[PDB]
Structures are given as structure tokens and as C-alpha cells.
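J.:
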Amino acid sequence: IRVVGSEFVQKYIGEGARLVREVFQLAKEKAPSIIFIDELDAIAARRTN
Amino acid sequence: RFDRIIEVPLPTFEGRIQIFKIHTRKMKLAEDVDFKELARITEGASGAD
Amino acid sequence: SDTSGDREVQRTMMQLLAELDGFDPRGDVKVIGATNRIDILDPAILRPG
Amino acid sequence: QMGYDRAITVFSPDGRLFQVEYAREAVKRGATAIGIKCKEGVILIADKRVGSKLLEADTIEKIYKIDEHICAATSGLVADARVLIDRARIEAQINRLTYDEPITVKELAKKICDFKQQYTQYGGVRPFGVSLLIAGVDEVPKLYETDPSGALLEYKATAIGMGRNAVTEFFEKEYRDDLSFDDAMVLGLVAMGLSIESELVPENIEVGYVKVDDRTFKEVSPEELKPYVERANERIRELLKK
Amino acid sequence: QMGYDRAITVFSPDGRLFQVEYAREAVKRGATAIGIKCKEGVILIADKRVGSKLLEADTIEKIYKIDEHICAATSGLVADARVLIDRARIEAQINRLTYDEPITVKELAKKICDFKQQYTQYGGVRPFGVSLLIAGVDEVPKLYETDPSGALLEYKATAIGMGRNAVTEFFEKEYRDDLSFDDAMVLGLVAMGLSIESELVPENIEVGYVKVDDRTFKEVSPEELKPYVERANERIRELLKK
Amino acid sequence: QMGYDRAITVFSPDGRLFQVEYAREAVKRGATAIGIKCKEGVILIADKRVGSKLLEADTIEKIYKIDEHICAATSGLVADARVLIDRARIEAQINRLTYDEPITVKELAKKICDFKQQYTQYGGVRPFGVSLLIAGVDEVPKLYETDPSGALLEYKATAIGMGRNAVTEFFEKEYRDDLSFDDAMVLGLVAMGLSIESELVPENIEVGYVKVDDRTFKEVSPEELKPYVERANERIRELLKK
Amino acid sequence: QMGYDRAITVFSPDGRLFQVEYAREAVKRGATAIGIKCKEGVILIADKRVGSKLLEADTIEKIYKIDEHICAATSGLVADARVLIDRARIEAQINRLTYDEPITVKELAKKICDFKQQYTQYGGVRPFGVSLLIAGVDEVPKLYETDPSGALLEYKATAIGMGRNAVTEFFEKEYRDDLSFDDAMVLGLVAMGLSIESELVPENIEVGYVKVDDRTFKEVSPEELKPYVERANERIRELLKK
Amino acid sequence: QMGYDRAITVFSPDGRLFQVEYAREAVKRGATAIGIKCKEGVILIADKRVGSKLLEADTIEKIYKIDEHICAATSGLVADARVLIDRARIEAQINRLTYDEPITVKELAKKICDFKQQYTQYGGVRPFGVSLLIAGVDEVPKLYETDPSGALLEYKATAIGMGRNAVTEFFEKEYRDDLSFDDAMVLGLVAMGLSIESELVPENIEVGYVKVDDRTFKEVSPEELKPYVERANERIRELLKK
Amino acid sequence: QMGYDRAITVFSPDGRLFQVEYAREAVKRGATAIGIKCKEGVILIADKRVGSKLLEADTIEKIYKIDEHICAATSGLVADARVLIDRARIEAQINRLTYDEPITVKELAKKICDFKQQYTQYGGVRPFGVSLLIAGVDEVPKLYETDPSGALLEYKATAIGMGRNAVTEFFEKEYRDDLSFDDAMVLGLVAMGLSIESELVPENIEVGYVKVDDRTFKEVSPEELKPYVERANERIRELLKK
Amino acid sequence: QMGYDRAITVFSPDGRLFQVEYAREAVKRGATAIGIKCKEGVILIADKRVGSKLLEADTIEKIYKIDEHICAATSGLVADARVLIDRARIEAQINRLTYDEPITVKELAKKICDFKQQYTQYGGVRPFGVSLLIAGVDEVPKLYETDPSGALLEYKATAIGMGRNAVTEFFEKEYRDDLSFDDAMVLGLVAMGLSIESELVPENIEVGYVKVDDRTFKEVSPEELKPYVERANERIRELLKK
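Chain order of the listed sequences is H, J, I, C, B, A, G, D, F and E.
Convert by adding 203 to the 1-based position in the first sequence; the result is the number in PDB author numbering.
Convert by adding 301 to the 1-based position in the second sequence; the result is the number in PDB author numbering.
Convert by adding 252 to the 1-based position in the third sequence; the result is the number in PDB author numbering.
Convert by adding 4 to the 1-based position in the fourth sequence; the result is the number in PDB author numbering.
Convert by adding 4 to the 1-based position in the fifth sequence; the result is the number in PDB author numbering.
Convert by adding 4 to the 1-based position in the sixth sequence; the result is the number in PDB author numbering.
Convert by adding 4 to the 1-based position in the seventh sequence; the result is the number in PDB author numbering.
Convert by adding 4 to the 1-based position in the eighth sequence; the result is the number in PDB author numbering.
Convert by adding 4 to the 1-based position in the ninth sequence; the result is the number in PDB author numbering.
Convert by adding 4 to the 1-based position in the tenth sequence; the result is the number in PDB author numbering.
What follows is the structure, given as C-alpha cells:
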């Protein structure tokens, strides 16, 4: 399952989360399953103070 | 697509004198109305005003 | 989805993509196209697949 | 670009000071002052016009001698001008004190800019938000523009303030490098009238000048402005009413 | 919102210091003070309806002596006013000291403007939120306004404080330049009465004035105030009616 | 936000300085003190009741002798009081050093006021959150109150501190300029008595005065104090029926 | 968050310098010390419980000689104590030089209060977060508490630090102003036990005193303090049963 | 980024002083100044086109004479340029005062680099956001580039500013260190030609050079300059078709 | 703590100063250094271990001679420590200058605490981020610890640094006051062995001491070192079998 | 983390200072400089590789002479170097002034790290962010790394710049305490070639050295580099076949 990374994050958010739960659900329902998750640099973050 | 890009900005001092002329036509009487002094006072106004 | 508007657009979006893949490993129906702005939209047509 | 423009010390990420840019919009919140330099000396005219007749215009000054052969006009705060012109007067006199020779127009503008430069480095101080036009005749007429950045530019005709853009549009067309006193005074008056959008009266213009063949500052009197103001007004009306 | 009102060192990109414009609005929360210039003297009228009954008659009492031909009213921070009014006395006596000449009003106002600009340019300190009316007779009667910024303006009738906007309009109609001492004195009283929205009595103003002939500060006595009050109240009554 | 209140070098958008405006309320947090003027001199009364059994009944003091013929009260921080009155005393004795003349009641409060004005303009330091009441007889009695800004207001009877609201209402009806020394003294004790909601005891309150015959500061032992407190207390019982 | 505890110069809206009540808390967290004023002398008792036994059991010091007739005990940072005591000891020795007089407890108190108020007022340097107890006999026994802001409060008996609260209630009941030297000492030792919730040991207390008839400072030696402790343990145990 | 580029007192994770490098970006935005060294001397070529035609086209100017064998051209602010070049002049005469030798190019570049670094290292003040080319022949041809950083890089052909990109790339191919005096001159003109993306006119450029044979700065007049401009132009048109 | 840790001028709501607590953590970044006092002298053992075999083990050293009978060790910054201890040499010498006396170890500790305290008060500067161990003999052995705040604690078996936590634990159990110079020497080598969690050799550790019989500083040559470590090793192995 | 790298005065929660760590990141960012010590001298080699063939082959310069037998070479900001080495030279001369002795590498290192630390301490100045490897012969060869922190460390052989890690992993294997002088300088060419990963010519490295046997600093020419350069290259080629 190829999960797009562009679609992840918005300027105010809710749909970006929908696609995580969705492919998570789909993966369980149909195990074995390999969810390619590009890209962990549009949802990876660093902290700030 | 919309080939001539026409600025109609807020009318000039002369251009305002002419707008008062359009009005005067449908108005009845006036002889001491000085159109120019009217334009001068009404600096940066449009036809509607 | 919000049902009438979204389901139709989502469906037709898929139906486009599906068709262009499945009649070409090699030329049969060559598919040509265009888009005005491709960064105002999230990947669908801008997928490498 | 927030926070890199809220300091003086801080260059933009783009590189340029945008603080100084903003002290240069502060000029334009003043009133136009135009100088035009001619083959015969140098003429400085300024908008003496003020917001009510409670204020007397004549006393509101816009245009000062700095030496007896250099005059300057301001645009920007009145407040900052008082200091700068008292600096400029001190500096010309300081030149005559250790040399006995009246200051070069270039050198007065320079020294003014250097003063201003120092007040635009340090973080605990606000730079001089004004600009002067420095116009004199040393041996040759010069007509300088000091900038609140602290930069200097020589001109053949120039403006500062709100009227800056229009006056440029006027002299691009009508200046020539062979004009007489008389032509220059007319052209300097016409250019201002477009800016304020109004026909001139000597109770709203101030004109001072320094001639090559004299080299003493003089102010064109309300009486003696009149023949020029007839000629200037006719052109101003012809442009501002088609 | 912006760093532009949050420092006094930063010009807005609008080319305005908002700190100076909030020092500006420090003056308007002071009680009214009005100045009237006549050709026969120059007249400063100032509130003394300030406070309760638990407060003295002569409670501030704004029209402090600066020199022997110079008085000045104030509006703004009563604190910051005292130091500027004190600095005004010293600067005046300095003029007397270093030259032996009576203090030019024009130069005194210039010298307050430069002193107030030290606190404007520097950011480690703050410029006073007081407007003073510098008036006196050095050789001819004069009336100026010195701003929080420390900017020189010539006036011939003005107001400062909360009464200001009303009084500007009143003089745009009433003020004249063909004006006698008694009439002037009556006229400005008229104007004060609009400000306080109420009739005058000689116990809620102090009026100082500087004559030409005499060339000295004198305070008007309550008994002496009284006829001027009576004449003035006629117009107050009419104009606070619709 | 709002404020524009983290420095004094930044004016708030209302034309105030919040920093000075919070320091005027820091007086109200402090102990009450009451001033009352009569024509046989001016009595200054200060609350010496602070603490309970853990604190000594004599806590310093709060009604300091500043000069020989001048005393002042304090309200606001105990800490800020300590330093201000050191300087005040120095200045009062310094006037005699250089002139050999009694310092004027009006002028000593002015020079106290100038020290805090200084602290209103420099940003490196906070203004003192303290108010002194300046009571004396220069040769007629005068009562002033000094403010955290460095503001100066002439009073004739006043309260400061906790009792700020209370005593003003109380003096609207009660106060008059023909009370005797004794009726006025007693009226001062009632007024503190409303402030604290309690009957007084001469052992935990300190009273000083400068009379007109003497023109010299004196202080009232608790033994002398008893009859006044007694006359005062009847009216305080009358208050606390409501 | 606040921004009023960013710095001292910033008052809160509450009319409070928020950063100096936080210097106040600095005192509370440190170990306790009690001064007990009688008419037969003054007693000073202060912590030595501190650390374990990897420390010296005669770790130095809470009981500082200031002069030979004045002693002090501290809570808060003993960094800030180390410098504050250095300045206090020198401040006192200056008085003896330029007057040849022992300084009085009260006059000393004013000078160190003034010293603390310098850092309190300035913004570029933090205040002290330490309290000082100054107990002496100058010519009568006298006891002050010096606050971190430089404020002066005279006590009958006082403690500061951790155990303050326990002492306040305890002394509220038993302490009298007419106590003996023996009584007052034993009692403050009872009080010191309660503060740390344990029996005393003479290795966990350092104790000094200034006597009326001796006029000298002397520190009570561990085994000369031991019979006092021994009669005090009885009471401490009695009160820790409950 | 953020914050590692908004202050002078930081360092980024990369370890770059972006504050200094955005004052290198202020050089970078206007305008081309070229140095080209040869075995017969060193030639410093610079723009003299600035703005419209209302500014004079034979002054303002980048090439200041600094000594009688030293010249520099500038890029970046006109405000930094005047103060810095005056300083450079002074530094040249400091070596002459104290040693009575002509200054060397190496030592001068060392001094004006330290001048700039002093401001860099300190906080609360920006560095001069200018770059120069220091060209001279003492007894050895030298061409240097001094950075807004306070750094020193030796060159034999360079350009700073807007033209940097084009002129590095031209000189990557063309340059050989075996040029003649003439060959270097045309080649440097050809190079400035490409940078503004136009054919060069002798009336918008200035050339200075310091010869090996004479060992003087000589300042090249528009008349002598023009022959070399004719030789370059053929080159320039060929390479703007390519 | 979150905005009250961005400067040293702050106090936190805990009563703690988090900027000083972060400086104390600087000390634990560096290595352990341990001191012991026994009745025959005081013992200083410094870690001298190299982090790479390309270093030379004679500059990560802690031991510094300060007087002919006072040495001290360090943990914290290296940088801060060398300046801190060059000062402590100057203070010690400065006492010899004016008294002709070598400095008591108690007095020297009090002086350098007071020096470190001025770096904590000022907001222009960060504290010294170091703690010291000052070990000397004045007449009888003394061992004191400085904290990075400038506070003073007398100790009698002690450590600072990372291994401090384990050395405390170690001397809790093991250390008694019945130990000889030799017996105390071995215990400090064992306390260093615990903390690095391996066996020692005498080229990664350095011993200095001050004895009371010799009343001098000596430094233990590598030659005199081997037997102490050889005994220690016997016992360091036992804790690596727990 | 943000706000523990916005000041140099702010210690982080970990005891680290991320500013100072970012100044060490500045040293790694730059060009490489390697120092090698042997018993017959200490040989110091620095990268002379240029960005273009438009830069003069020797760019001024990578190895300074500080004393007569003391050199240092550079890695990190080249800006900071100018002032930092200038200061270092004056100090090496000052010791010759005041003792008439060549300074020792300890004490020159010491002055310079003390000078560093002072500007790490202050928040109004940021420290030098360059590391120099100071080499010289005292009684024995010495090689020191002065860190941007303000720490000195002595090395047997070392590296700094971008190539640092590569040359620390290299000398761990190869470096021994038997290396000859000629084989030492060669071993440092091998190192140098590893860092840039390109072969060496004598036109992209600069070697000076310090001989014991001469007891003087000498500067090795390219001509006299040539044999050493070929020898090292055979080995450089083998490391790039691995």
C-alpha cells in the first residue's frame, strides 16, 4: 500500500490524520500488509521553545 | 483572454467636472454652480459618490 | 466525503488514471494532456505509478 | 520578514537594511522640497504651505542658511532637522575655524552623512529620520542630496518628500544642461505646483538661492517672486486642467 | 501586532514613530490650555478647575515664569512638564549669561527642541509627553508650540490638551489679525469656556500675559479677571446653546 | 497585551505608561497616611499600626522628619520609602548649605519630584512605587502630595494609601478651612479610623505637625496624644454603626 | 505567563514588583534563624544542621560578627550573604572611623537597607534574595529584620526561613516582653527544635548573643550551650509527642 | 533558520555568522567593481552608472584616492563607504606619521579588516556592510579584497558585488597572469561590459590604476579611457550574441 | 523555568534561580575531583585521564598551586577555572603584599567566593560555571568547597563533578575521622577508582597535598605515587566484584 | 535547543552551552590544520588550497609567526584570526618587553584563552570562533590547540578543521613517539592529503616548522617542499586505493 506524504499535513488539519487511520485499518483487515509511508520528513518534526 | 486591461481608477479633476455635467442635465436649474470648484473639493471621488 | 459533489469527483479521478495505465505498456492509445497548475492540487496525476 | 526589520543592527535575510528603508518613508511623510541647479548658481525652493492659518507659514522654515553661502532644505521630521542643521552650521564654521576657507558643498554633505552613519550603526539609538538637500556654490555650483541612510548623491535637479516621483517625471522632460537663472526658477516653481496640486502664491513657497557671481545666500522676497509666479502658474494650470 | 509601536527606535514601514504619536496622545489626556497671540501682547490661558475642593484654588497653575518676558503653559505629564519648564528657565538665563541679551523666544524654543530630541533619538530613554506653549515678547509678541517630539511650530492661536479639537475650529472662524488686546483677552476666554463646557469665573483660570510696551510677565488678578470673564460669558452662553 | 508595559520606554496605545499606572496603585497597597491643613499650621498623621504581636508596636515610623520645619508621610513600599527620604533630607539641608535660607515647602516637594521623574524617563531603572505627602509651614502652611510619576499636586486635605477612597468622601462633607488646630487634628484621626474600620490607640499611631507660631516641627508623644484619640473615637464609633 | 517577573523594572498590574516577592521566597527555602529580643540582652540562634557529617560539624557560618557589638544572622542564599555581610561589616567600620562611635543597630539597618535598595531599583542587576536579621545592643537592645528589597521592620521576636511559621504561632502564645535572659534563650531554643522537627544538639546550632551590661557580642560555645539545650529538649520532646 | 541570523551574538549549527553574510549580501545587491592585476601594475575598474540622468554621470563614483599609490573601489552602502574610506585615508597617514614610509597594501588591508572585525565581535552594533578592493603597487603589485566580515583574501583578478557571478566566470576562461598593462585594461572593461548586459560608454565608467614603472596612482580621465572602451566593445557584442 | 531561565537577573517562583542551577550542571559535565581532610594534613586527588592517546596527560590536570601552602582543584569549564585560579593567585599574593603574611585558607576561600558572586549579580555576564575544592593549611588543615553561585561550605571529606554522587556514597559508609595520612591517602585513590569504574595507574591521576608538619604544599612525584595506587587497586577490584 | 543558543550568557539545562558548541562547529566548518610534534621539533602544516585559480596562489596566509620560535596555523572563521593572532603577537612581544625572555607556549596559550574566556563570559561581546594550533620550542617541543571555548589542551599530534576526525583516527594507528622530524612532516602531509582526499603539490599546502636544533621557527619553501611532497604522495594514493 503506497501512502502519499504530500497529502499529509495541512494549514489546519484533520484530513491528514484520516488517511493514517484508514491505511492502518486496511492493513489489519488484510494482514500481512506492508504500508510504504513516504515521506517521514513532511511529518517528522523537531521541537521548539 | 480579456485582452485590453482597462483601468478606470477614481476620475480626474476634469473627469469629475463631466460627471456633474451628466447630473445637471437631468437636474433642473443651476447657474451659480461652479463645477470645477465642486471637483476640487471632491478630490478622489467616483461617479457614484 | 460530502457525498454528491466529492464522490463523483473522486470516482472520475480514479477512472481516468486506471484507464491510461491499463491500455499502454506500449503505444496503442497514446495519452496526452495538460494542466494549468499542478502544485494547487495533491498528487493523483503527479504519482510515479 | 518579521524581527529583521524590528532592529537597526540586523540585516534582512535578503541583505539590505529595511529599517533604513522605513526611515526613508519618513521623508515622504514630510513635505516636498526641490532644488534645481543652473549654469548661473543654484536655487532651492520648498513647500512653505502649512495646515491652517493659525500657523503662520512665514515663520515655518524649510530652507535655512547653514553658512552664508550654503542653504539646505529638509523633508522628514521638523524635530530632527533642528539638530542636523545646528550640526551642519557648526561643521561649516568648524571648517572656517581651522582652515579659514568656506566649506565645499560635497564636504558638508559628507560630514553630515558621516554623523548620520554613526547614529545608524548602534542598537541603542534611532537614526536621524530626516534628509537635507545641501545646495551651495563653492567655486562651482553643487546640489547634493543627503539621505537618512547616510548616503550622498549629486543631481542637476532633484526632489525629496512626497513630491519626489512627480518632480522626476517633470525634469526628465523639461531640464536642459544649459538653462539660465530665469529658466531654472520657472521650472523649479512649475514642478512643485504639480506636486501640491495647486497654483502658487508667495505665501506658500519659500525660495532661497546662491549665485556663482555673488556667493552670498539671498531669499527671493515675496515682492520679487511675483513676475516668476505669473509665468509658473500659467503652465501649472495648463497641465492640471486639460 | 507590530514591533513598530513596541520600540521607539523603529520607524514603521508607514514612516512614523508611533511611540512619538503615543507621546502625542499623552498631551491630550492633560487638561486644556489655550494660547492667543495678539499684536498688543500674547496671552496664555490655562485650566484651574482641576481637582476637588480638597484641592487648593491655586493648584496647578500652569503658567510658570520662565523669564522676565517669557511665560509657558503646559499640557501632558505634570512631572515631565516641571523639568522642561526648569530647563526653559536655565536656558533663558544662559542666554542672559553668555551674551547679556534678552532671551529670543524663537531660540529658546529651538534650544528646548534640541534638548527634547536628545531623548527622542536615544532609545535607552524616553522623550517627554508634554507640549508647552513658548510665548513672550523678545522684540515682537510670539507664540509657538513645542511638541513631544521637539518640533518648532508657529501659532497665533492654538490649544493643547483635551480642549484642543474644539478650540482649533473656534479660531478658524473667530480669530483675526486686526486684533486688539482687550478683544483678544475676551476672545480666548470665550474659547476656554467652550472647552470646559461651562461658564468661566476668575477662580478657574489663571491667565498670564506678556505686554509689548512693558515687556514683562504679569499674572492677571482675580479682581482684574472679572470684567474679562463677564464680556466673554455672553458668547459662551450663545455657542453652548444650539 | 495590552501593554506595552514591560518597559517605560514604550507608551501604551492609550497615551499612558502602564508601568507608572501600576506604580500609583502600589501606593494604595501600602499603608495609609492622612494629611489635613488648617491656618494655625498643618498636621500630618501617619499610621504606625502595621503587623500584629509578631511585629513591634513601634515599626519605623511612618512619618519622617525631613527638615527642621518640614515632615512627610509615606505610603507605598517600605523599601522605596527608605531611599527616597535619605535623598530628600540631604537636599533639604543642602539648600541651607548654599543659601542659608529655609527651603520652601513648595520647592522641597519639587526636588523630591524631580528625582522620580528621572526614574520615569530612564529605562534602566524603575520608578519608585511610593507617595510622600509633604507637610510644612514655609510661613503659611502648605500641603502637597508627591506621585510615583514625579507628579505634584497641591492639596489642602488629602489621604493616600489604603485610605485613598475613604477619606475623600469623608472630607467632602466634613472638611472646611475654618476648622481649629484641635478640631482638624481630631478630624484627621477619624478619617484614618474609617480607613482601618477600628478605634485608635495612641500607642500605634504617630502624629507630627508644623505650627505657624513655631514654624518648627514637633512630635506628639502618646501621652499628649490620649485626649485627642478619645475625642476621635466617639465619632469612629458613630461610623461603625453603619 | 507573566513577563512582570521577567525583570524588576516591570510592575505587575497588581501594583507589585513581582520579581521581589520572588527574591523573598529565596529566603524561605533556606534554613532557619531566630532573633529573640528581651530587655536583658538579645539572643541569636541559627542553623548548623546543614549537610550530613561529610561536612564539618563546625561548618562556618550563620552568625557573623559585623562589629564587636552587633551581630547578624541570615537566611537565603549564603552567596548573597557572603557579599552582603562583607559590605555590612565595612559599612559599620566606616561609621567608627568618621565618628569614633559604635554605630547603632537602627542606623546600620538604614544603611544596608539603602544598599539593597540600589539593586532593587536598577534593572540591569538583580536584587539580593537574602534576609538579614541584625540584633545588637547599642545602648538598649534592638532587633530588625531587613527584607530583600531593603525594607526595615522592627520585631519583638522573629524568625525567617523554613521554620518561620512554626515560630510565629509559638511565640504568639508564650513570649512576653518582660522575659529573663535565661528564659528567653531557653525558649528560643525550644522554638529552634520545633522548626527543624527534632531535638537539638549543640553541633547543629550556633548561638551568639549581645548582653546589655557587657555591651559585647559573644558566641556561646558548644558545651556552654549544652545545659541550656539540656532543659530545652524536655520541652521539645513534650511538644513533638503530640 | 530563525534567530541564528537575527542577532549578532549567535552562531548557527552550521557555524555561520549569517548576520555578517547578509551584510555581505548588501554588497552583493549592487554593483560590479572589478580588479585586474598584471605584471605592469594593477588596475581597478568601476561603475559610474547609477540611476537616471538627473544624477550626474561623471561623479558618484566608487574610486576614492586613499594614497599616491593606493585606490579602492566600493560595493555596498554609500553610508558605510564614506566613513570607512576616510578611516583608510587616516590609516595610510598613521603609518606615514610614525614611520615616515609610504604605507603598504598588506598592512592597510590588515588595519581596515581589524576595523571591520571590531564591530563584528561586539554585539549591539552591526558591521560595515561594504566590501572594497584594495589595489596598489608599493614595490610589488598587489590586489586585495577586504570583506564586510573583517577578512582578507588576496586576488589577482576578482570582482565583488552584483557582477561577481559573470566576471569570475569570464576570468575562469580568459585570465592568464601574463597580461600586458593594456591587455588587462581592455579585458577588465570587457568583463564589466557583460555584467550590466550592455555596451560600455566611457561616460558611465571610471578607471584608476597604479603603475609599476612610476609607482603613482593616476586617475584615468574619460578622455584617455575612451580608447580602451572602443577596443573592448567589439569583444562585448560578440559575447552578447553568444 | 520556561522564560525564567533566559537570564540571570530572574528569580523563579520556586525561589531558586534556575540560571545558577544550570551553571551547577556545568560542573557535573566535567570530571570528579576529590579532597579529603584528615588530622595530619589535607589531600587533593585530581583526575588527569586523557580521552584520546594523542593528548598529553599534563593539561586536563586540575591541580593548581595558588600559594606555597594552598592548592586547589576544579570541576566545570577548563576556561573559566584557569582565569578563576589566576585570580586566586593574585588575591593570595595581594594579601602578602599589604600584610606580609600568606593568606589563611579560610580568608582566601571567602575572597574568591566574593569574586564569583559579582559575576552572578551582573546581567552583563554569566557566573563562573565552576566549583572549586580549596585545600590548604593555615596553621591546621582546612578543606572548603565553592559552589558556582559564590556560596561557601566547609567540608571534611568531599568531591565535586560527575563521580561526586558515588564518592559521597563511598565516604558515607567508609570515611571515619580516625584515619591517618597514609590511611586517608588510600581512601581517596579508592574513591577515584569507584567513580571511573576501573583500575588506576599513576599516569592518569595526580596527587597534591598540604601537610601541617611541613606546612607546605608538595606534589607527589610519579615515583612516590605507585605504592598508593598499588594498595588502592587491591580494594578497587573488590568494588568491581560487587 | 532554542533559547540556550540565543545568548552566550545562557547556560543550558544540561550544563552544555550550545553557543560554544556551535563555535566549535564553526572551527569544523573551515579548512584543515594539522600539528605534529616529535622530539626534535614540532612541525605545523596547513591547507593552502584555493577556491579558484583567480586567487593568488599564496592567499594571505595560513601560518603566522607569533614569536621567534612560535607559530600558529588556522582553522575556523578567517575573520576572527586577524584580530586574534595580532593580539597574540603583541603578547609574545610584551613578555620580551617585561622579562626579556621569549614567551613559552603555555603562557602565550594561556593569555589567549584568558582573553577568549572574557568574551565568552560577557553577553555584550561574542568570543572568537577560531582555533589555532600554537607550536613552539621552550625546553621541549610543544603543541597546543586553543579552542574557541577558551580551553587549551596539549597534544602529541592533532588536527582541526573539516578533516579533524579523519586525522584523529589516522594518528591513532600510525603515530608513535619515535617519529623522526622529516618523517613527522611527511606523516602530516599524508594526513593532509586524506582530509581533502586529493593529492598534494607544494602549491596547495604550506608547511613551516620549529626546530629544537635551531631553536627558531623557519618557513619551508615550495622548492624545499618538493622531495617531501612526492614521498608523502605514494602513501596518499594507497589510502585512496583503500
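From the three backbone atoms N, C-alpha and C, an ideal C-beta is built for every residue, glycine too.
1. Among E44/C, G140/C and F22/C, which has the Cα closest to the Cα of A77/C?
2. What three-state label does DSSP hand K215/E in the structure shown?
3. Taking only beta-carbon positions, decide if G133/E is within less than 8 Å of chain D.
4. Give a yes or no on whether the minimum CB-CB distance between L244/C and chain J is below 8 Å.
5. May I have the straight-line CA-CA distance separating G127/F from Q97/F, to the nearest angstrom?
6. Is the stretch 34-53 of chain A touching the stretch 155-164 of chain A, taking contact as three or more C-beta pairs under 8 Å?
7. Could you name the residues that DSSP lists as bridge partners for residue 250/A?
8. Quick one: using the 10 Å Cβ neighbour count with 16 as the cut-off for buried, is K230/A buried or exposed?
9. Count the other C-beta atoms from every protein chain shown that fall within 10 angstroms of the C-beta of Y26/A, then say buried if there are 16 or more, exposed otherwise.
10. In terms of residues, what are the limits of the alpha helix (DSSP H) holding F132/E?
11. Based on DSSP bridge pairs, tell me the residues matched to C75/B.
12. If you measure beta-carbon to beta-carbon, which residues of the stretch 7-31 of chain E are closer than 9 Å to chain H?
13. Please list, in chain order, all residues of the same chain as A340/J whose beta carbon is under 6 Å from its beta carbon, the five residues on each side excluded.
14. Any residues in the stretch 129-153 of chain G with a beta carbon nearer than 7 Å to a beta carbon of chain A? Which ones, in chain order?
15. To the nearest angstrom, how far is the alpha carbon of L198/C from that of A61/D?
16. For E95/A, which residues in the same chain have their Cβ closer than 8 Å to its Cβ, ignoring the five residues on either side in sequence?
17. Which same chain residues end up closer than 7 Å to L183/E when comparing Cβ atoms and leaving out the 5 residues on each side of it in sequence?
18. At 4 residues or longer, what runs of the alpha helix (DSSP H) sit wholly inside the stretch 164-193 of chain C?
19. Name the chain B residues whose beta carbon is nearer than 9 Å to that of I64/C?
20. Of the residues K32/G, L193/G and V224/G, which one's Cα is nearest the Cα of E234/G?
21. Report the rounded CA-to-CA distance for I240/F versus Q122/F, giving the unit in angstroms.
22. Give a yes or no on whether the minimum CB-CB distance between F321/J and chain K is below 8 Å.
23. Between which residues of its own chain and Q213/H is the CB-CB distance below 7 Å, once the five residues before and five after are set aside?
24. Which term fits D51/C, buried or exposed, when burial requires 16 or more other beta carbons within 10 angstroms of its beta carbon?
25. By how many angstroms is the C-alpha of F15/C removed from the C-alpha of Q23/E?
26. What's the gap between the Cα of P145/D and the Cα of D18/B?
27. Just the Cα atoms here: how many angstroms apart are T63/F and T150/E?
28. Skipping 5 residues on each side, what residues in its chain have a beta carbon closer than 8 Å to that of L59/G?
29. At 8 Å on the CB atoms, spell out the chain A contacts of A83/B, in chain order.
T.: According to the data block:
1. Here residue 77/C corresponds to residue number 73 of the fourth sequence, with the count starting at 1. Per the Cα distances, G140/C.
2. Numbered from its first residue, the tenth sequence carries residue 215/E at position 211. Correct three-state label for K215/E: strand.
3. Start at 1 with the first residue of the tenth sequence, and residue 133/E comes out as number 129. Yes, its Cβ sits closer than 8 Å to a Cβ of chain D.
4. Here the question's residue 244/C lines up with position 240 in the fourth sequence. Yes, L244/C counts as interfacial toward chain J.
5. Working through the ninth sequence from its first residue, we reach residue 127/F at position 123. Working through the ninth sequence from its first residue, we reach residue 97/F at position 93. If you take the alpha carbons of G127/F and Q97/F, they lie about 30 Å apart.
6. yes
7. Here chain A comprises residues numbered 5 to 246, so residue 250/A is not present and cannot be evaluated.
8. Here residue 230/A refers to the residue found at position 226 when the sixth sequence is read from its first residue. It is exposed - the Cβ of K230/A has fewer than 16 other Cβ atoms within 10 Å.
9. The residue you call residue 26/A lines up with position 22 of the sixth sequence. Burial call: buried.
10. Start at 1 with the first residue of the tenth sequence, and residue 132/E comes out as number 128. Unbroken run through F132/E: none, as it is neither H nor E.
11. Position 71 of the fifth sequence, counted from the start, is the residue given in the question as residue 75/B. Answer is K69/B and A139/B, bridged to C75/B.
12. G7 and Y8
13. Walking along the second sequence from the start, residue 340/J turns up at place 39. Excluding residues within five positions, the ones whose Cβ falls inside 6 Å are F314, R317 and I318.
14. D151 and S153
15. By one-based count along the fourth sequence, residue 198/C stands at place 194. By one-based count along the eighth sequence, residue 61/D stands at place 57. Whole-angstrom Cα-Cα distance: 27 Å.
16. Taking the first residue of the sixth sequence as 1, we reach residue 95/A at position 91. If we look at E95/A and ignore the five residues flanking it on each side, its Cβ neighbours are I107, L112, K115 and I116.
17. If you number the tenth sequence from 1, residue 183/E lands on position 179. Excluding residues within five positions, the ones whose Cβ falls inside 7 Å are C42 and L191.
18. 168-178
19. Here residue 64/C is taken as the residue at index 60 of the fourth sequence, counted from 1. Chain B residues near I64/C: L156, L157 and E158.
20. For the purposes of this step, residue 234/G is taken as residue 230 along the seventh sequence, with counting starting at 1. Cα-wise, what sits closest to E234/G is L193/G.
21. The residue given as residue 240/F occupies position 236 in the ninth sequence. The residue given as residue 122/F occupies position 118 in the ninth sequence. Roughly 42 Å separates the two Cα atoms.
22. The structure shown contains no chain K; its protein chains are H, J, I, C, B, A, G, D, F and E.
23. For the purposes of this step, residue 213/H is taken as residue 10 along the first sequence, with counting starting at 1. These residues qualify, in order along the chain: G219.
24. What you label residue 51/C is simply residue 47 of the fourth sequence in a count that begins at 1. Burial call: buried.
25. Stepping through the tenth sequence from its first residue, residue 23/E is reached at position 19. Stepping through the fourth sequence from its first residue, residue 15/C is reached at position 11. Their Cα atoms are separated by approximately 21 Å.
26. Taking the first residue of the eighth sequence as position 1, residue 145/D is located at position 141. Taking the first residue of the fifth sequence as position 1, residue 18/B is located at position 14. Between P145/D and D18/B, the C-alpha separation is close to 50 Å.
27. Position 59 of the ninth sequence, counted from the start, is the residue given in the question as residue 63/F. Position 146 of the tenth sequence, counted from the start, is the residue given in the question as residue 150/E. Each residue's alpha carbon lies about 12 Å from the other.
28. Indexing the seventh sequence from 1 puts residue 59/G at position 55. Nothing listed; no residue qualifies.
29. Here residue 83/B is taken as the residue at index 79 of the fifth sequence, counted from 1. Ordered by position in chain A, the residues that pass the 8 Å Cβ test against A83/B are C117, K120, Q121, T124, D151, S153, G154, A155 and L156.
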